[PDB]
file run_32.cif (mmCIF, N, CA and C atoms)
data_run
loop_
_atom_site.label_atom_id
_atom_site.label_comp_id
_atom_site.auth_asym_id
_atom_site.auth_seq_id
_atom_site.Cartn_x
_atom_site.Cartn_y
_atom_site.Cartn_z
N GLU A 53 0.88 -1.17 0.00
CA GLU A 53 0.00 0.00 0.00
C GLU A 53 0.91 1.22 0.00
N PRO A 54 1.45 1.58 -1.17
CA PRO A 54 2.63 2.47 -1.21
C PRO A 54 2.36 3.93 -0.86
N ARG A 55 1.11 4.38 -0.76
CA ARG A 55 0.84 5.78 -0.48
C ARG A 55 -0.33 5.98 0.48
N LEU A 56 -0.20 7.00 1.33
CA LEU A 56 -1.26 7.44 2.24
C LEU A 56 -1.90 8.70 1.69
N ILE A 57 -3.23 8.78 1.75
CA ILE A 57 -3.98 9.89 1.15
C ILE A 57 -5.00 10.43 2.15
N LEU A 58 -5.00 11.75 2.34
CA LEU A 58 -6.01 12.52 3.07
C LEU A 58 -6.69 13.48 2.10
N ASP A 59 -7.71 14.20 2.58
CA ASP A 59 -8.43 15.11 1.68
C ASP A 59 -9.34 16.05 2.45
N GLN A 60 -9.42 17.31 1.97
CA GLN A 60 -10.34 18.34 2.44
C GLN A 60 -10.62 19.30 1.29
N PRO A 61 -11.90 19.71 1.07
CA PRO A 61 -12.20 20.62 -0.04
C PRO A 61 -12.95 21.94 0.22
N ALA A 62 -14.00 21.99 1.05
CA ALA A 62 -14.83 23.20 0.99
C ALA A 62 -15.66 23.42 2.24
N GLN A 63 -16.04 24.69 2.44
CA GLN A 63 -16.90 25.20 3.50
C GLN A 63 -16.38 24.89 4.91
N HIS A 64 -16.04 25.95 5.64
CA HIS A 64 -15.60 25.87 7.02
C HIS A 64 -16.01 27.18 7.69
N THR A 65 -17.29 27.54 7.52
CA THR A 65 -17.79 28.90 7.72
C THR A 65 -16.96 29.90 6.92
N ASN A 66 -16.81 29.61 5.63
CA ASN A 66 -16.01 30.41 4.70
C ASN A 66 -16.92 31.20 3.76
N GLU A 67 -16.28 31.97 2.89
CA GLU A 67 -16.99 32.80 1.93
C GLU A 67 -16.95 32.16 0.55
N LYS A 68 -17.49 30.95 0.42
CA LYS A 68 -17.50 30.16 -0.81
C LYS A 68 -16.10 29.88 -1.36
N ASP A 69 -15.06 30.13 -0.58
CA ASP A 69 -13.69 29.86 -0.99
C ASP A 69 -13.39 28.39 -0.73
N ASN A 70 -13.42 27.60 -1.79
CA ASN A 70 -13.19 26.16 -1.71
C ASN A 70 -11.78 25.84 -2.20
N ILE A 71 -11.14 24.86 -1.56
CA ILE A 71 -9.86 24.34 -2.05
C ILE A 71 -9.69 22.87 -1.67
N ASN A 72 -9.60 22.01 -2.69
CA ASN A 72 -9.34 20.59 -2.47
C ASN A 72 -7.87 20.39 -2.12
N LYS A 73 -7.59 19.86 -0.94
CA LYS A 73 -6.22 19.64 -0.46
C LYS A 73 -6.04 18.17 -0.08
N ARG A 74 -5.56 17.37 -1.03
CA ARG A 74 -5.21 15.99 -0.74
C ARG A 74 -3.82 15.92 -0.12
N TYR A 75 -3.72 15.26 1.03
CA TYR A 75 -2.45 15.04 1.71
C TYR A 75 -1.93 13.66 1.34
N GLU A 76 -0.70 13.59 0.84
CA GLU A 76 -0.16 12.33 0.35
C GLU A 76 1.26 12.10 0.88
N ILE A 77 1.53 10.86 1.28
CA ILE A 77 2.83 10.42 1.79
C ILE A 77 3.18 9.11 1.10
N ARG A 78 4.36 9.06 0.48
CA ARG A 78 4.78 7.93 -0.35
C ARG A 78 6.00 7.27 0.27
N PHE A 79 5.95 5.94 0.39
CA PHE A 79 7.02 5.16 1.01
C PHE A 79 7.97 4.64 -0.07
N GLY A 80 9.26 4.92 0.09
CA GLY A 80 10.24 4.51 -0.90
C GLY A 80 11.17 3.37 -0.56
N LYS A 81 12.47 3.61 -0.70
CA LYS A 81 13.49 2.58 -0.52
C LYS A 81 13.54 2.09 0.93
N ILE A 82 13.90 0.81 1.10
CA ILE A 82 14.15 0.23 2.42
C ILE A 82 15.66 0.12 2.60
N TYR A 83 16.14 0.44 3.80
CA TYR A 83 17.56 0.35 4.15
C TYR A 83 17.74 -0.43 5.44
N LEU A 84 18.85 -1.17 5.51
CA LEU A 84 19.19 -2.01 6.66
C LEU A 84 20.54 -1.59 7.21
N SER A 85 20.66 -1.60 8.54
CA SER A 85 21.93 -1.40 9.22
C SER A 85 22.27 -2.64 10.03
N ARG A 86 23.56 -2.86 10.26
CA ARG A 86 23.94 -4.00 11.09
C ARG A 86 23.46 -3.78 12.53
N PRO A 87 23.25 -4.86 13.28
CA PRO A 87 22.72 -4.73 14.65
C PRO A 87 23.65 -3.96 15.58
N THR A 88 23.06 -3.06 16.37
CA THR A 88 23.82 -2.08 17.15
C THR A 88 23.30 -2.01 18.58
N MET A 89 24.23 -1.99 19.54
CA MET A 89 23.93 -1.80 20.95
C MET A 89 24.05 -0.33 21.31
N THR A 90 22.94 0.28 21.73
CA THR A 90 22.93 1.66 22.23
C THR A 90 22.74 1.63 23.75
N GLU A 91 23.81 1.89 24.50
CA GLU A 91 23.73 1.95 25.95
C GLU A 91 22.75 3.04 26.39
N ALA A 92 22.31 2.95 27.65
CA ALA A 92 21.55 4.05 28.24
C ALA A 92 22.38 5.32 28.29
N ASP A 93 23.69 5.18 28.53
CA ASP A 93 24.66 6.25 28.35
C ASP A 93 24.38 7.07 27.10
N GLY A 94 24.18 6.39 25.98
CA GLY A 94 24.18 6.99 24.65
C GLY A 94 25.27 6.46 23.76
N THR A 95 26.35 5.95 24.34
CA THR A 95 27.43 5.33 23.58
C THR A 95 26.92 4.11 22.81
N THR A 96 27.51 3.86 21.65
CA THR A 96 27.07 2.79 20.76
C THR A 96 28.27 1.95 20.33
N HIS A 97 27.97 0.71 19.95
CA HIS A 97 28.94 -0.19 19.33
C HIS A 97 28.17 -1.30 18.62
N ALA A 98 28.87 -2.01 17.74
CA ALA A 98 28.25 -3.14 17.05
C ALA A 98 27.93 -4.25 18.04
N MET A 99 26.72 -4.80 17.95
CA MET A 99 26.30 -5.89 18.82
C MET A 99 26.53 -7.23 18.13
N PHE A 100 27.22 -8.14 18.82
CA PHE A 100 27.34 -9.52 18.39
C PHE A 100 26.54 -10.43 19.32
N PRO A 101 26.09 -11.59 18.83
CA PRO A 101 25.19 -12.43 19.64
C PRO A 101 25.66 -12.74 21.06
N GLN A 102 26.96 -12.95 21.29
CA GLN A 102 27.39 -13.33 22.63
C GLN A 102 27.07 -12.24 23.64
N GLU A 103 27.26 -10.98 23.28
CA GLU A 103 26.83 -9.92 24.17
C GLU A 103 25.32 -9.96 24.38
#

call {"tool": "encode", "arguments": {"input": "run_32.cif", "output": "structure tokens"}}
result
Amino acid sequence: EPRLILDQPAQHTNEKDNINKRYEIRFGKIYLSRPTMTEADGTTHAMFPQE
């Protein structure tokens, strides 16, 4: 389901000023990083299974 769609067009106690506004968000490439340990500290390092 590659895209999200919203929509709004007319009357909001307005003066006949209508505007169709579709909101759209499109999902693209997927990326992977190697597994990482982030301490509560904030310091990071690569995580291996034994840890």

call {"tool": "atom_distance", "arguments": {"input": "run_32.cif", "atom1": "CA of residue 53 in chain A", "atom2": "CA of residue 73 in chain A"}}
result
20.6 Å

call {"tool": "resolve_selection", "arguments": {"input": "run_32.cif", "expression": "the PyMOL selection byres ((chain A and resi 98) around 7)", "output": "list in words"}}
result
residues 86, 87, 88, 89, 96, 97, 99 and 100 of chain A

call {"tool": "atom_distance", "arguments": {"input": "run_32.cif", "atom1": "atom N of residue 71 in chain A", "atom2": "atom N of residue 58 in chain A"}}
result
15.0 Å

call {"tool": "resolve_selection", "arguments": {"input": "run_32.cif", "expression": "the PyMOL selection byres ((chain A and resi 59) around 6.5)", "output": "short mmCIF file (atom, residue, chain, number, x, y, z; two decimals) with N, CA and C atoms, keeping the file's coordinate frame"}}
result
data_model
loop_
_atom_site.label_atom_id
_atom_site.label_comp_id
_atom_site.auth_asym_id
_atom_site.auth_seq_id
_atom_site.Cartn_x
_atom_site.Cartn_y
_atom_site.Cartn_z
N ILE A 57 -3.23 8.78 1.75
CA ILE A 57 -3.98 9.89 1.15
C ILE A 57 -5.00 10.43 2.15
N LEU A 58 -5.00 11.75 2.34
CA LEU A 58 -6.01 12.52 3.07
C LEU A 58 -6.69 13.48 2.10
N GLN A 60 -9.42 17.31 1.97
CA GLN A 60 -10.34 18.34 2.44
C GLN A 60 -10.62 19.30 1.29
N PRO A 61 -11.90 19.71 1.07
CA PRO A 61 -12.20 20.62 -0.04
C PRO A 61 -12.95 21.94 0.22
N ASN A 72 -9.60 22.01 -2.69
CA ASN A 72 -9.34 20.59 -2.47
C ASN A 72 -7.87 20.39 -2.12
N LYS A 73 -7.59 19.86 -0.94
CA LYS A 73 -6.22 19.64 -0.46
C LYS A 73 -6.04 18.17 -0.08
N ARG A 74 -5.56 17.37 -1.03
CA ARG A 74 -5.21 15.99 -0.74
C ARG A 74 -3.82 15.92 -0.12
N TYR A 75 -3.72 15.26 1.03
CA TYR A 75 -2.45 15.04 1.71
C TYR A 75 -1.93 13.66 1.34
#

call {"tool": "atom_distance", "arguments": {"input": "run_32.cif", "atom1": "atom N of residue 77 in chain A", "atom2": "atom N of residue 65 in chain A"}}
result
25.9 Å

call {"tool": "closest_residue", "arguments": {"input": "run_32.cif", "among": "A:92, A:103, A:63, A:55", "to": "residue 78 in chain A", "atoms": "only N, CA and C atoms"}}
result
A:55

call {"tool": "select_by_dssp", "arguments": {"input": "run_32.cif", "residues": "chain A", "states": "strand (DSSP E)", "output": "NGL selection string"}}
result
:A and (55-57 or 76-78 or 88-90 or 96-98)
